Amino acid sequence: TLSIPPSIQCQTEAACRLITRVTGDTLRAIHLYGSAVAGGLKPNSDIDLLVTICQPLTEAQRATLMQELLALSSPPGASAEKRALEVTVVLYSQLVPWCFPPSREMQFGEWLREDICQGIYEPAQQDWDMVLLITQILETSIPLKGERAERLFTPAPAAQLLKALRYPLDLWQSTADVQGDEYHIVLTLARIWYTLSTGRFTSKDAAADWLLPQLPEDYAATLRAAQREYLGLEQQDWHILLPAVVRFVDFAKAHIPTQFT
């Protein structure tokens, strides 16, 4: 059975207790997933949590949850003992049976700290990534509360998983679309490519390793720089590298499979 890294156990139990208390009667399950469970937990890595609830959260619960999580989470890399939390909240009725795309009730994350610390909360909204989240959780997750994933959710049809995997390819078309987030986008494309070719999910680092031998050397060099930075082995000047990142994004759009291999 999958294990929680000892070094995040205390904070993970604190998040679970806070979520449980605030949601109360409406809570159906809490699952830990992502690199803490699947592998590749780096110093900057967040703690990924999915919260399944039965009824929508009141305007008051949402505010309580957001403000409290703010105090349970720290910006990534700030502390080795207090990681960034990502908490995604979803109605059970959006997943069983599936709505495509599913909506998420709310998402807490450090990239939203400046808004969340002012009381500005993203509202419920459609999110194709929820299909990827549940698919990943069905394979690799730990139920902190409620039932194990394979007993709670059902897999999405392959056709919808395909649409969800390819949807972010339209997010990146311009230079400004990718500027500021360069290595993240390069590694995500590597993972998307990996999943479409194998049907499987793997870490950012392993996805880069898998893709590198299949690339012309110019594109492997960009992927290598992105992997290197993510592993903390070298910080590049990504303004200088931006034109090559745009070429890499275009190369992935041209070459990533359009159907599962």
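In case it trips you up, residue 1 is the first one in the sequence shown, and so on.
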property: 131-139 versus 177-185 - which carries the larger mean C-alpha B factor in the record; result: 177-185
property: Which of 70-78 and 114-122 has higher mean CA B factor, as the PDB entry lists it; result: 114-122
property: Peak C-alpha temperature factor (PDB record), options 224, 204, 31, 62; result: 62
property: Assigned third (lowest, middle, highest) for the C-alpha B factor of residue 253; result: middle
property: CA B-factor placement of residue 47, once the chain's modelled residues are sorted into thirds; result: lowest
property: Within-chain third of residue 236 by Cα B-factor, per the entry; result: highest
property: Among modelled residues of the same chain, the CA temperature factor third for residue 54; result: highest
property: Third of the chain's Cα B-factor distribution that residue 40 belongs to, per the entry; result: lowest
